[PDB]
């Protein structure tokens, strides 16, 4: 039992926040006291106010908070079995979820490794790729290649494939693996980009295990969109030069970009795939790494005899149960129409933002809207403005942006876009 003022006091003294300091925070965190549907209840000047979760709590809350069907699946599982070890045991929530994932991901992804976060599923993906080649008698193939602008997590391997300015930084000179970086992938399709990619890959091929990318949308590294055709070229390059392809769909997964997985826009399958975030409907942390039967059987027949990974809470029944229900809920409705409407709503609402002085781009892709400005967005100016409009927004760098819950009404998208348009206008001043 703590009051909002007591929460603030404990938090200031004792809580780290994402990429934050202790005792140097420019502004106090705001107290969140509830979340229901698309709305959060927050304390502002000692008063609870309801505001739209424009960001879906970082891509996670696809059906909104406290969706009756998701709450119900969680409590139904809670009464039967909270958790058992996954060593020598299996269970229904893991089986059901693995079943759904293999059916609905791009063709050929036949096996599923559960883990407890996105960064962990990325390191598992890398470990699959590395063990793969050792199982082929090619231990020299151990480096990773990616393109700039990417983000794959904060654990040390994951960091090595993050954008070097995204934070490498300079700050981590050594201690990171030195990976192969291609230039930023452009928005519009240019065959010259893919040709230069291939030439660069070609000369490293004998030391490359895999290419790892976010398909179609790069999220936390700067909300950039690229033509799906590039993914088709990667698949092609990777096949021809014998390098595995990893798609990191932790942010792009489960309908967000207008296809079920963004790889579907290109009609391509990677060899290894990561999912997370929206997987659980934003209730709990869970992730999965899927790989082809070939990858699975090469690992298993290699010297180690096994994938050498296994978190304590692997395949947690509670996480797997709420995920099963989150996935069925998406699939049981006309999700494609929902996303199309959302995209249209975002496009319409954000439109007037391009005629603003500080704004260099306005872009929409599925249920994702971005306003790019020509300077950093001042958080101590931006946050106040959006709160006043009943919206929780979180700009970073020069980007005002949103990934709203799938359940947002036209009135709610209008309200989100209007606060975004306003954040951009104040940037101009």
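Residue numbers count along the first chain shown, from 1.
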Among other entries of this protein with both neighbours modelled, does residue 27 go without coordinates in a third or more of them? yes
Quick check on the record: does 60 to 68 or 381 to 389 carry the larger mean Cα temperature factor? 381 to 389
Quick one: say whether 372 to 380 or 50 to 58 has the higher mean Cα B-factor in the deposited entry. 372 to 380
From 243, 250, 356, 234, residue of greatest CA B-factor: 356
Out of 278, 138, 320, 159, residue topping the C-alpha B-factor column of the entry: 138
Within this chain, which third does the Cα B-factor at residue 410 fall in: lowest, middle or highest? highest
Mind checking which third residue 190 falls in for C-alpha B-factor across the chain? highest
Report the third (lowest, middle or highest) to which the CA temperature factor of residue 153 belongs, ranking only the modelled residues of the same chain. lowest
Entry-reported C-alpha B-factor of residue 335 relative to its chain, by third, is highest
For residue 362, does the deposited CA B-factor place it in the lowest, middle or highest third of the chain? highest
